[PDB]
Each structure stands twice: as structure tokens, then as C-alpha cells.
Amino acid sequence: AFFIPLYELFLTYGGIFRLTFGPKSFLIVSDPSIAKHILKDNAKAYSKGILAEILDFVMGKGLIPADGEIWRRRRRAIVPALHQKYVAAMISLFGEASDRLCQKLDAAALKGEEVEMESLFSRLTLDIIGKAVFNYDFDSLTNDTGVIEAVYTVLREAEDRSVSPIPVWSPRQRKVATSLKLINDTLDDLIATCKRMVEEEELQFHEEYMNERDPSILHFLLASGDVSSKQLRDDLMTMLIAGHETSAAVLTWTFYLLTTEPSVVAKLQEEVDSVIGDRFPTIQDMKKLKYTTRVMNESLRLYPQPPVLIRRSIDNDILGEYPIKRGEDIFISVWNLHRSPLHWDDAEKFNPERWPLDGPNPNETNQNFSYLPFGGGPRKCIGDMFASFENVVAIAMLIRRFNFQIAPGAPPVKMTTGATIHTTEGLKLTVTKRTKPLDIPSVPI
């Protein structure tokens, strides 16, 4: 909840102030022009600062905590893997995995059982990202394994390291090392298997390269003639963490928000029934699911993942009107930017159509850095199309099949400090079926 007090301090003291706690301090930036200066116009004057001390233990030299030449080299190598053909193929994976979740919800609906949606969404996004990135099937939606428990142990340690530098106003360290070893060994097995597959395949590599039997990013990188084993594992681990935690929270907060506005749910149900019905969405459906897209856009506005971006000055600069030297630890409050009453009409209202339904999708450019769901400038998210489609698919397929409501007596929904916005106790919902089992599958065109 660290960003919550920063909001009211922003209202009183403005778009840049120094939050001091004893002999240390952070600069808190909530001004879109200043954010644009740091993230895009003058990014060369900034490092990821504290972000690296948080994530280094698991991401190593991966893209998110990296800076300098190793960042530039790996960025140029990895971005080509997320080409249009790859993203189009991942939409099939999104639908298959979302359908496996629907089967779980359908079983609960038939028994009248309530469901805790945050944990289910975490399993869904873990299953998707493991397959998309390095061709592994966690199947966390169905089972628990030592590999799955290792990932969540590592995730929890990353959460602990995120809260550690933040002011408030062994045996675990051995379990972490064991979990890291199991995941690294697991990745090593996949890398070895994939190299064998690359050596035996007959496919000329091109800019749209994709082996249809193994379309993972790991396979693209290996067939491209890419670096060391440590570096490749770090690259994969970074994308695993990034693509799991973010969308798990986006889906959680999207369905929380849906319970707050029945008229939005009605309009969403109308679109999904009309556009996809019971179908697995395709790439063509991504442009037609316009209201679903806006619901996702508005969820990311109200609950950004992460709610803050972290930088450190490595040179002199000017922020707003204020000169700074190198060494300033800076938190850009995406939360404040997204909820600023100066730049948003009825900023606290869940209103998917605050951007025209038939107009351009909102991004950091056309919102002039008052909206930054995927960051901006050279360090902008590389999975932004991937994740946007992933969440549209999950939302649409679930809303097609079920009605969701806050469960009676459910624990309150409150936020926590972390890399992403988790709830305190989950999102406990009742789930009822919208369609009949004996109805013929409906395929609209």
C-alpha cells in the first residue's frame, strides 16, 4: 500500500517532491511531463537503480534490471522473437489455457462452490507463460509440483525484496537457493532438448521464423544463432516473472472492477455473445473485441502493474524546474499518473469508454504519458501486444460462460505493497453458468 499515501502527498505537494526517511530519500514523480523526460526524452541519464538490487537474485542479467550494453544487446536479440506470427500463434495457447480454467469454473458452478479468483488467475498465467516462453507445461491449473512450488517460493522472495527498501509510516534463504536450483536445472533440460530439436530440424531462419512444433521464444532464440547458458536462463527467467505476475493481477483487478459496475458487465456480455460466442478467439477477434479491450485498458489504468517505476539518475538533469545531480533514487508513481484528477475525468470511476470505443487504443503516446500500463521510451515492455491479447482472451471467454459476483461473507478486497498489486486475502466470487451444457456450441461469424 506504499503508493496510497503518495497519492495524497502528490495532491498537496505536486508532481515532484522528496520523500525523506532519516538520512535517505526518494524523489516521487507524478507529473506526466517529468515522467516523459525520464522514461523517453532523456532516458540515457538514468539507470534502473534499486530495481536491480531487488530482482538481480532471480533475473540476473535479464532485460528488466539490466542497463548499458548488455541491455542493448539482449533487447535487440529478443524483440524479434515476438513477431506477429508468434503473437498470432500464442492466441491459440491463450484460448486453450483459458478454456482449461473455464472447465474448473464450470465444475465449481455446477456444485454451487465459491471460487478464489486471484489464485486461479495466477495458475492460468503461469501455465500460459511457461509454454509461450520455453515450451514447458507447468499445468499448475490442474496439479502441484516441486517446480511450481519453486516458482512461487522465488516469487515470494521477490516480493520480500520489493518491500525491503520501502519505508513504512537460513532456512528460508536455503529454500530459495534450492528453488532457484530446481528452476535453473529445469530450464537447462529444456534448453538441451530444444538445441537437439534445432539441430535436427530443416527450417531456414528468417525474420518471421517459427517452428510450428515448438513456437516458444526459447526456440526462436536458439534457431537464430544467438550467448552463455547463464545469460539465456536469465533472459527466460525475466520473461517468466514479467509475464506471470502482471497479468495475474490484471485479471484479478479486472474481475473485481466488473463486480462494481453491472452496466459494464452487461455491455461486455453483449459483445462477447455477439462476436465470439463459444469460440476460441483468433487474431481477427482482437480488433472486434473492442469493449473487452477497453475494459482491459481501464483496469490497467486503475490498477497498474507495477504501480511504480524505478530509476536512478546517473548524470545531472532538470526535473520540472528542479536541478538534480546523479545518484537520486526516483519513483515514478504510475498510480498517481493514472488517477490524477488533473488529467482524468471522474478518475476513480470504472469507465471503459472514457476512451472512444471506435477510436485509437490508449497508449503512453496518445495519452502523453498520463497512461503508462507498459512503460514508455527505450525500456518499454516488449510483451505489450502479447499481454494485451492474452488478457482480452481470458476476459472474453470467462464472461461468455459465467456470471461473477462478490461472494457473501467474502473477506474484504484490499491491496498490498509489492512488485504487483496483490490482494490481502483473495477475490472470493460466486460463479453461475450463463450457457446450458446441452446447448450446441455457438460459432458466430
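The first residue of the sequence shown is number 1, and the count goes up from there.
Unmodelled residues of the deposited sequence between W169 and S170: 4 to 9. Unmodelled deposited residues between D226 and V227: 1 to 3, per the record.
As the entry records it, the average C-alpha temperature factor is higher for 401-409, out of 401-409 and 384-392. When 303-311 is weighed against 110-118, 110-118 comes out higher, by mean CA B-factor as recorded in the entry. Between the residues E298, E328, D285, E149, it is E149 that shows the highest Cα B-factor in the PDB record. Of the residues listed, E96, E271, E201, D278, the entry assigns the biggest Cα temperature factor to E201. For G14, the recorded CA B-factor ranks within the lowest third of the chain. Only modelled residues enter the ranking. Looking at the C-alpha B-factors along this chain, the one for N42 belongs to the middle third. Remark: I440 belongs to the middle third of its chain, ranked by C-alpha B-factor as recorded. When the modelled residues of the chain are ordered by their C-alpha B factor, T417 lands in the highest third. Annotation for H244: CA B-factor lies in the lowest third of the chain's modelled residues.
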